[PDB]
Amino acid sequence: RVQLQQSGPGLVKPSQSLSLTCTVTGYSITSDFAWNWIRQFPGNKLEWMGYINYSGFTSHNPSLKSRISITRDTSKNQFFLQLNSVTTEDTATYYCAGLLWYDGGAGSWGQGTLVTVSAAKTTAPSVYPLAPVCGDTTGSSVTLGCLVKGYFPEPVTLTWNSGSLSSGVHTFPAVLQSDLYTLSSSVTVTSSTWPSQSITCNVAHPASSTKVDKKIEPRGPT
Amino acid sequence: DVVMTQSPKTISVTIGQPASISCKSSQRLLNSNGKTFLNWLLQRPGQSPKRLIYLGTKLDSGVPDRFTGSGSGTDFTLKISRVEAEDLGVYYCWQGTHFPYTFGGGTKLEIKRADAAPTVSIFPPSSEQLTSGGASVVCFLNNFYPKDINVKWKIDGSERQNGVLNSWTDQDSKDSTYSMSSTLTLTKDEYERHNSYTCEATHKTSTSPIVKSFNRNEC
């Protein structure tokens, strides 16, 4: 049906502006819907920011006290958010969401885009392989991992074997310290399959245009 | 502004049992045309919120009929007739009748399952990281229930508290378990100074911790 997708810069300096785009497919933005911006803060906190509806009429939350502009480009089937004078309190996940004007039905949200408001520098991660100790490889399953350390801002993407290894994976929320994040992921496989079937963690950090594909090598002779 | 108050804050439900959560609005949500702009949404871990109920009592497009909204005026209820593991996540209410539109604070649905001890795995610093000057030791405590757990690190048998950072997953709908990662970060020089590294997990499934260790420079 209708599908929405947010895009725009993930890192904004304090006192500047965030600018996001929502691209709508499967429906014309000039029909039936209100096109909303909503953001989410830690702690399950959602804030309605405003809409532009199918006829170009807008509305926004008074909480955003003259900082917000919601606009559209019908030739592109897109609508837009500008939020000026940002501070670290505007760090949030930003969603676009269409709801029908008539009844609030058919709510359809984008995937969300994290926007970090910070003066800290973009930094590419180091990706380190976590190979199991020898003593831990003699059972029926074995666990391997990857440590993605020292990057900024979020997010990174991490997959195993280009996404073909998805079961038995745990990817943990990143932890922030000194303006750099660290994330880990584990993968568990049947021990007799390793090292015969190799295992590689694939990490991408779009903010720094960096990718790392780290094959996990066993400890011991390789 | 309209305040949307959800209760309970959290609920833990066995698969196949009903669930019921409440949303109370500070102002009536009926409008001048007979519509009540009250929606319920579910946000699964890692996803956006998604539609469930709208118009107070109506199933939204594509939503399983196990979800029912009831109520009127200021008091609303969402019921799940029989919970499934993929129902876990945070449920929100939302009102569209009074500007500015507002959301409830969320109710987190947890799936209750039998206790499960964690699977514990410890990993030395990579040779690549050791060329850097830093050294991280990682421990995974995976697929346990319930969610409370403790990890203790030891270096050469002495407890180490500085330099530990933990991260926890949300509940997994595949098996209704939790996992945790603990990382001990040292300088390379202090890592190379010491010999044995231990992660101890203590979980209500046992009185005795689960202990994983290695010696630096042994495979």
Side-chain angles (χ1 to χ4, degrees), chain A residues 2-101 104 106-119 122 153-155 206-207, chain B residues 1 37 39 41 43 47-51 92 94-96 99-103:
Chain A
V2 69
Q3 291 153 126
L4 289 78
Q5 157 212 101
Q6 308 81 353
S7 57
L11 179 57
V12 178
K13 304 267 194 212
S15 92
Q16 305 302 325
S17 292
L18 141 199
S19 290
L20 299 181
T21 298
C22 184
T23 301
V24 179
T25 59
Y27 217 91
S28 168
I29 63 169
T30 55
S31 292
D32 299 317
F33 285 84
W35 302 111
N36 301 263
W37 293 99
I38 297 155
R39 59 183 178 172
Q40 187 164 39
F41 304 99
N44 297 352
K45 201 277 171 157
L46 290 163
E47 178 179 39
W48 176 72
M49 307 177 71
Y51 60 69
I52 183 161
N53 78 359
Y54 66 86
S55 62
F57 184 83
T58 64
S59 181
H60 62 269
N61 202 316
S63 65
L64 299 176
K65 187 46 228 165
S66 66
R67 307 197 289 137
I68 179 168
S69 174
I70 303 172
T71 57
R72 65 184 181 164
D73 186 316
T74 59
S75 75
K76 295 187 176 17
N77 218 50
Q78 289 176 329
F79 67 97
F80 306 96
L81 173 68
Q82 170 184 300
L83 187 71
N84 66 214
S85 310
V86 298
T87 69
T88 55
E89 290 339 82
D90 298 304
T91 291
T93 298
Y94 288 77
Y95 293 99
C96 51
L99 284 67
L100 291 171
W101 186 258
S108 305
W109 300 47
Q111 76 284 355
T113 184
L114 180 59
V115 179
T116 297
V117 178
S118 177
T122 297
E154 290 262 62
Chain B
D1 302 358
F37 287 135
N39 292 10
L41 300 86
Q43 183 171 38
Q47 300 189 354
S48 319
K50 293 193 177 175
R51 66 186 175 258
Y92 295 97
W94 173 83
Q95 67 89 15
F99 167 88
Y101 316 122
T102 49
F103 295 88

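Naming: A, B, ... by sequence-line order, numbering from 1 per chain. Quick note: numbers below take in every heavy atom, side chains included, and nothing from hydrogens, waters or symmetry partners.
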Nearest heavy-atom pair of A:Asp73 and A:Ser75: which atoms, and what distance?
OD1-OG, 2.6 Å
Check for a donor-acceptor pair, side chain of B:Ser48 on one end and backbone N or O of A:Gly110 on the other, with a separation under 3.5 Å.
yes
Where do A:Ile70 and A:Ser59 come nearest, in terms of heavy atoms and distance?
CD1-O, 4.2 Å
Is there a side-chain contact between A:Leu99 and B:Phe37, using heavy atoms and a 4.5 Å cut-off?
no
Between A:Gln82 and A:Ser19, a side-chain donor and acceptor under 3.5 Å
no
Check: A:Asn61 side chain, A:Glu47 main-chain N or O, donor-acceptor pair, under 3.5 Å:
no
Drop me the distance from A:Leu81's CG to A:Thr21's OG1, to the nearest 0.5 angstrom.
9.5 Å
May I ask you to check whether A:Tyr27 and A:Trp35 place their ring centers less than 6.0 Å from one another?
no
Measure the spacing between CH2 of B:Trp94 and OG1 of B:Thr102 and express it to the nearest 0.5 Å.
9.0 Å
Without swapping roles, check the side chain of A:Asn36 against the backbone of A:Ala34 for a donor-acceptor pair under 3.5 Å.
yes
Looking only at heavy atoms, what is the nearest atom pair of B:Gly96 and B:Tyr101, with distance?
O-CE2, 3.3 Å
Let me confirm one number: the OG1-CZ distance from A:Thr71 to A:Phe80, rounded to the nearest 0.5 Å.
6.0 Å
Between CD on residue A:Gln40 and OH on residue B:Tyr92, distance to nearest 0.5 Å
4.5 Å
I'd like to know if the side chain of A:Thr30 pairs up with that of A:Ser28 as donor and acceptor (distance under 3.5 Å, no hydrogens or angles considered).
yes
Measuring from atom NZ of B:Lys50 to atom CG of B:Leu41, what distance do you get when rounded to the nearest 0.5 angstrom?
11.5 Å
Smallest separation among heavy atoms of B:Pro49 and A:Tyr95, with atom names:
CD-CZ, 4.1 Å
Verify, without hydrogens or angle tests, whether A:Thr88 (side chain) and A:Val117 (backbone) share a donor-acceptor contact under 3.5 angstrom.
no
Let me confirm one number: the CH2-CZ distance from A:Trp101 to A:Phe57, rounded to the nearest 0.5 Å.
5.5 Å
When you measure from the side chain of B:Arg51 to the backbone N and O of A:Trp109, does any donor-acceptor pair fall under 3.5 Å?
no
Checking A:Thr93, A:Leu46, A:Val115, A:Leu83 against A:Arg39 for side chain to side chain contact (heavy atoms under 4.5 Å, CB included), the one that qualifies is A:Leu83
If we count only N and O atoms by modelled type, under 3.5 Å, do the side chains of A:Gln5 and A:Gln111 hold a donor and an acceptor together?
no
Are any side-chain N or O atoms of A:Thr116 and backbone N or O atoms of A:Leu114, one a donor and one an acceptor, separated by less than 3.5 Å?
no
